[PDB]
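Just the one chain here, the form deposited in one PDB entry, laid out as structure tokens.
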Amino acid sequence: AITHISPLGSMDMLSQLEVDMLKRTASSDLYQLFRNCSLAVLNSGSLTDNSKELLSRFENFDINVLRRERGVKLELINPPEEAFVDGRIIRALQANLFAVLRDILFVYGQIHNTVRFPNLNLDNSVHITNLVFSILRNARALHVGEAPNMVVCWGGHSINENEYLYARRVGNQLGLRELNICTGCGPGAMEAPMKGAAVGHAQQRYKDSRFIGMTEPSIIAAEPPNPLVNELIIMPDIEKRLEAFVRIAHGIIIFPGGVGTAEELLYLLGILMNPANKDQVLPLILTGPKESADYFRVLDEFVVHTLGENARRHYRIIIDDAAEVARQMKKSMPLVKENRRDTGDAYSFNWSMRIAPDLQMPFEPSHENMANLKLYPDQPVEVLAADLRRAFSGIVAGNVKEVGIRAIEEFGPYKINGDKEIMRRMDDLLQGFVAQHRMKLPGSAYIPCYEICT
């Protein structure tokens, strides 16, 4: 079974040298990744328990890039049947298919292994930001003149029915207020709010739904985007994905997501508490069903007792009140618009927010690096927030990730230079997630895997 797909929504106006480039990249060591992402996209919304095994059902699927005088076509070999309706590919899959071609072959292929974009220095913090903007602009995701209304939703890939219901309700309440949704693109909390918002949009006869799925190559290669997504963007790596979330967001909503939730909040506080960002407007709301109350309590307790009472100027917790979450998002859009007008910033992309270069770069949780963290109350709060994220991420990896356990077994616990008040707060928070089964440790009791010294 072989079918030729023409472009839709992207990759529809290429030069002959660009197509030449695309064909070369498709024949590179990148093919496997390109093929797995394109397979992921074609399996979107195919109901399945385990998605890793679903893709392992189409091992005879392949994809070639076809050259034509006018540009590019896609050749699908043994594609999933469910992606076709009386022989024609379903339009939504077709557009996501060409977003994968765009972001994996055209962008990622000129970045991975060697940077071929002329004069791009990926070690340069301004270049990075301009790249993230170029990717989003290339994806046609930044509209000229559009008044702000994009709400980014973060939260667990794997969540229970209560949480999925509540998140769906928030999205429905955002939908009834004509707000748009951007998420990480996968299942769980990344899907429920879009599903809700789609119902809301229909009720308000709102015809410009933007459901933005912002992912990255390692993830989309194994996880089909959820079926609500109608604007797929694959950023080159997780640091750039996070910067993209921040810069397109007009508001951020965090649902529960395990330990990662606290890492996300610390990243945001590290940005939002930088004195350079004291005049930015970016509403941040943490919200769950009534059963997540103690989950957000320990989190909020850890933030205040390490970063201070001022931390609460920047985030607000709301338990089981979907309508009030959306109501507050909706009310803040006009303030975000004024804030953008105030600095002459763009409505669709927040240029003026300062994201420190360390927040753009990866962090290796080695014993050396773990050691260099200055976890002391006398540090600038935005630096301490940042270092706290690094340390929390390292302690948890040392418990749950095999590359982290490997480091601990080989070299013993991490040596942490920190105030023991701060480090106690951390053990409370870690203990909290273990007790609440939000953190599931291999084996039994919670392992410190760290020690407070030099």
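Numbering starts at 1 and runs along the sequence shown. In this text, rigid core is short for the largest set of C-alphas that superpose within 1.5 Å between two forms.
Although not depicted, the form deposited in another entry is the subject of the following passage.
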| item | value |
| --- | --- |
| Identity of the moved residue from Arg210, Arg241, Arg247, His112, C-alpha shift 2 angstroms or more, core fit between the shown form and the other one | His112 |
| Residue shift check between the shown form and the other one, rigid core fit, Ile416 Cα at least 2 Å | yes |
| Displaced residue check between the shown form and the other one: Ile395, CA, 2 Å or over, core reference | yes |
| Note on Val115-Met235 C-alpha separation in the other form, which departs from the shown form by 3 angstroms or more | farther |
| Shift in CA distance, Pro118 and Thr114, in the other form relative to the form shown here, given it is 3 Å or more | closer |
